[PDB]
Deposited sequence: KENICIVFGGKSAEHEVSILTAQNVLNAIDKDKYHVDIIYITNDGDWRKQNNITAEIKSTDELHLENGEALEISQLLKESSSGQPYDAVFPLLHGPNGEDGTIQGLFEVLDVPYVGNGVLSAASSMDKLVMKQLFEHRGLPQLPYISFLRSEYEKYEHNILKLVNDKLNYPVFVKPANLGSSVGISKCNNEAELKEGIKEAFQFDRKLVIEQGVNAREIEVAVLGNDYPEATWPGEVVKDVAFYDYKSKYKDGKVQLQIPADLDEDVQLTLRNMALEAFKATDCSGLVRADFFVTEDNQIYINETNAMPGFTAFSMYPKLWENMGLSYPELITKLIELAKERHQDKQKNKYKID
């Protein structure tokens, strides 16, 4: 058996916990020895050893009453007594996909699924992500950015650059948040200024982005050095608007593949690979696009740890390619093994 540890929760949990239930029930307990570590909202790490049956309800998860050892000892050793072959972060904290847990994993020399430090961190900062996309030549909506320090001195002058380079309406976006906290849509300077002031309560760096009305199209990418991209998918919505949040009850309504011309789909698959390379991803990414009704394409953002329930977009895009959810989980673990092995080979060849 191989030795796996799923880390879930994070310093709101209900998605992460549902995800960890799905990932657990889709792992062959015959091929894998599975421990899990739950991170409480407090930040405390609680381990639960040796999952061996299906998790039918969240009650079966020890959660905050798990075994409360130091984080060092929790990750060094499987309950089986072997070191882990892969650790799978399914976190919904900021420490989830800002590169921080990945940094911990590297310091502890623990092999792990998904994106590395620089990749996760730069996909979480919206300014760095766009700067990397730009250098790579991917099309994006016209955009501006600045630090609070610059706006305190150049308010009047920054607003002019907005009206020259962009067309209203624009969106004010905090650079470093994982949440819709502080985003607003502004139809003029008056609203823009109010919006900028309003976002600086939550962040020190802002992106101003030209608005579009467009379809949201997502592509799943999987791999390390030779990644592959799925056919695109769509969350079907008769009306494009920024909701600020999923309000409709029940399952989300996916269309996979998306109802797009076959040429446009191929363009999006190739753009997804470019977006993966532009932030030097590992393991996986979801590329999220804006596609207007006249088939104009912009890349919106990448997502370094995308939604990963059994009905989420990222796994359902791979199902459409023939890759089962249990096969996808196993592939992510093998990629984690390979990236990890490739680093001692380099750390060795450095002598």
Deposited residues without C-alpha coordinates, grouped into stretches that follow sequence order: 12-13, 248
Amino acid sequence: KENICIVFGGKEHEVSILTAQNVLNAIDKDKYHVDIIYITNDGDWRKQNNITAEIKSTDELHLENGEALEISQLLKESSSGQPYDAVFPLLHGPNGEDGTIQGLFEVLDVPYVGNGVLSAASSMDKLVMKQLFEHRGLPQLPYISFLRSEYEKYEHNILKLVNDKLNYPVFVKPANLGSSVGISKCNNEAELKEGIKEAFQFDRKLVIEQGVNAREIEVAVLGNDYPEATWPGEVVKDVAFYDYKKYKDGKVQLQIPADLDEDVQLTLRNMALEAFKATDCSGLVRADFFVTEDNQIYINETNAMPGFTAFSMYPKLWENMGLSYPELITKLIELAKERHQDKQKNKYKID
From here on, numbers count along this sequence of modelled residues.
Could you settle it for me: does 137-145 or 159-167 have the higher average Cα B factor in the PDB entry? 159-167
Using only C-alpha atoms and the B-factors in the entry, which stretch averages higher, 25-33 or 287-295? 25-33
Using the temperature factors in the entry, find which of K237, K173, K130, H92 has the highest value at its Cα atom. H92
Which of these, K205, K245, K126, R215, has its C-alpha atom at the highest B-factor, as the entry lists it? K245
Please place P306 in the lowest, middle or highest third of its chain according to the CA B-factor in the PDB entry. lowest
When the modelled residues of the chain are sorted by Cα temperature factor, does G322 land in the lowest, middle or highest third? middle
When the deposited Cα B-factors of this chain's modelled residues are ordered and cut into thirds, is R269 in the lowest, the middle or the highest one? lowest
Here the Cα B-factor of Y154, set against its chain, lands in the third termed highest
Chain thirds by Cα B factor, record data; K277 belongs to the lowest
